[PDB]
Structures are given as C-alpha cells and as structure tokens.
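A.B. asks: The following block contains the structure, expressed as structure tokens.
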Amino acid sequence: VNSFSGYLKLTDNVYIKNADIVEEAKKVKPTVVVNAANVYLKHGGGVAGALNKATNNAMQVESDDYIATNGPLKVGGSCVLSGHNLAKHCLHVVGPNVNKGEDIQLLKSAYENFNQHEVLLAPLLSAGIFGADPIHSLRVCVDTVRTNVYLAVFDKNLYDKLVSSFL
Ligand SMILES: O[C@H]1COC[C@@H]1Nc1ncnc2[nH]ccc12
C-alpha cells in the first residue's frame with residue numbers, strides 16, 4: 001500500500017492520473033519523482049522547468065555541479081539527484097527529443113531506467129515539448145517498465161484520450 005490517490009489502473013504495475021506532477025510530488029513526497037530531462041540538465045521548460053521552479057532553482061544549481069563534474073548524460077540515460085522539497089530523489093531521465101531529430105527507438109532505453117526503482121511518480125517520456133506521440137509513449141511505458149509507475153498527465157484532454165485509446 002502506498003499514498004498515491006485517484007489513479008486509474010492500466011496494468012498490473014502502471015497507473016495514470018490527470019494531475020500536475022509538481023502538485024502531486026508536493027502532496028505525496030514520493031521516494032522518486034522522474035524529471036523529463038535533457039542531456040545538459042538545463043531545466044528551462046516543460047516538466048523540467050516546472051519541477052525546477054518549484055525547487056526555487058535548487059535543482060538547477062545541483063544539476064550544474066553534476067554536469068561540471070560528469071559531463072552530459074546520454075539520450076536514453078539518467079542520473080539520480082536530490083528530490084529537494086518534492087521527493088526524496090529525482091531521477092533525471094533523457095527521452096529522445098523529436099524536435100531535435102533524436103531516434104524515437106531510444107524511448108524504450110529511457111523507460112528502462114525506471115526499472116531500477118521500485119515505485120516512481122513520472123511524466124510520459126518524450127511527450128509535451130519533446131515532440132513524441134504521447135499515446136506511443138504510454139505504450140512503450142507499459143511494455144517496458146516492470147516496477148510500479150504512477151503517471152501524471154497535466155492536460156485533461158490528453159489524459160482522456162490516453163485512457164480511451166488504451167489497449
Ligand atoms: O508529458 C509531459 C511533457 O510534455 C507535456 C507534459 N507536461 C507535464 N506533465 C505533468 N505535470 C506537469 N507539470 C508541469 C508540466 C507537466
């Protein structure tokens with residue numbers, strides 16, 4: 001039993017809700033919140049910009065030190081950093097950005113990072129400003145993630161479409 005509330009159950013391990021991931025994280029304080037990161041951990045917009053803003057830019061400060069030490073992530077890769085005031089940990093995961101020409105096949109590799117954590121609050125990878133089809137992202141999530149994932153979908157219209165089209 002966990003404290004996630006109001007989710008629709010899609011499969012044995014995947015759950016979904018129309019919610020603002022920032023507000024969800026502040027309420028639940030999950031062990032892991034997933035950020036829709038880029039390889040430079042520049043949290044300018046989308047989910048990343050919103051999560052970083054909610055940390056009063058502390059996420060960005062920590063991320064800049066991480067990059068200065070380690071260099072950029074790989075597309076499809078991840079790193080674990082602090083969750084600040086939102087969660088114990090933030091798993092920064094880089095899905096492919098279609099508006100940069102990146103290979104959508106890397107979306108499966110991106111979701112594989114979730115399997116290193118027993119329970120996660122997450123957005124749909126490569127959705128929103130990353131330019132992928134969110135219906136496809138949900139399909140890859142369900143077919144790749146084996147741990148317990150709670151998906152927050154900000155847009156109500158999109159949430160309803162994802163549920164109604166789910167096979
Ligand atoms: O699938 C994501 C990528 O593009 C649009 C979607 N964005 C979001 N999803 C959940 N909570 C959110 N809070 C702020 C932005 C946001």
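In the structure tokens, chains take letters A, B, ... by order of appearance, with residues numbered from 1 within each chain and ligands from 1 in the order shown.
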Find the residues near stretch 35-46 of chain A: any atom within 6 Å, counting only C-alpha atoms, skip ones fewer than 3 places away on the same chain, and give them as a ChimeraX atom specification.
C.D. replies: /A:49,63,72-73,92-94
A.B. asks: Would you give me, as an NGL selection string, the residues in stretch 64-150 of chain A that DSSP reads as strand (DSSP E)?
C.D. replies: :A and (78-82 or 89-93 or 119-122 or 148-150)
A.B. asks: Counting only C-alpha atoms and all ligand atoms, name the residues that have an atom within 10 Å of an atom of ligand 1; the answer should be given as number ranges by chain.
C.D. replies: A: 17-25, 35-36, 45-51, 121-134, 137-138, 151-155, 158-159
A.B. asks: Can you tell me, as a ChimeraX atom specification, which residues in stretch 23-147 of chain A count as alpha helix (DSSP H) by DSSP?
C.D. replies: /A:23-28,46-54,58-70,106-112,134-144
